[PDB]
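Structure, as structure tokens:
Quick reminder, even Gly has a Cβ in these numbers, built from the backbone with ideal geometry, and neighbours come from all protein chains shown. A short reminder: the numbers here are calculations on the coordinates, not readings from a lab.
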Amino acid sequence: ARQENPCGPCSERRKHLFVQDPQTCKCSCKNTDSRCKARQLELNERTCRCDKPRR
């Protein structure tokens, strides 16, 4: 342990659907446009929830 400064979640906190890299703090969603498309939906990249297909 040295210079212990944990990363702060990108989209505030409430975006629990996002996961974050522990060292570089870069965030990616667990949910995807591929998942949503399989459900005949598309991803709302703000919340990373599946919404009506904007197509």
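Quick check on this structure: which one of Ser34, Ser28 is touching a strand residue (DSSP E or B) at 6+ places or on another chain (Cβ under 9 Å), surrounded by fewer than 13 Cβ atoms within 10 Å (Cβ to Cβ) and in a strand (DSSP E or B)?
Numbers: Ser34 fails: in a strand (DSSP E or B).
On inspection, the qualifying residue turns out to be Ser28.
Has the stretch 20-39 got at least one residue that is of a type in the set (A, V, I, L, M) and either in contact (Cβ under 8 Å) with a residue 40 or more places away in the chain or touching a helix residue (DSSP H, G or I) at 6+ places or on another chain (Cβ under 9 Å) (or both)? No, because not a single residue in the stretch 20-39 is of a type in the set (A, V, I, L, M) and either in contact (Cβ under 8 Å) with a residue 40 or more places away in the chain or touching a helix residue (DSSP H, G or I) at 6+ places or on another chain (Cβ under 9 Å) (or both). With respect to (1) among the acidic types (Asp, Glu); (2) touching a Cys at 6+ places or on another chain (Cβ under 9 Å); (3) loosely packed, with under 10 Cβ neighbours inside 10 Å, the lone exception for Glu12 is condition (2). Has the stretch 41-50 got any residue that is of a type in the set (A, V, I, L, M, F, W, C), surrounded by fewer than 14 Cβ atoms within 10 Å (Cβ to Cβ) and out of contact with any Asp or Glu (no Cβ under 9 Å at 6 or more places or on another chain)? There is no residue in the stretch 41-50 that is of a type in the set (A, V, I, L, M, F, W, C), surrounded by fewer than 14 Cβ atoms within 10 Å (Cβ to Cβ) and out of contact with any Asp or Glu (no Cβ under 9 Å at 6 or more places or on another chain).
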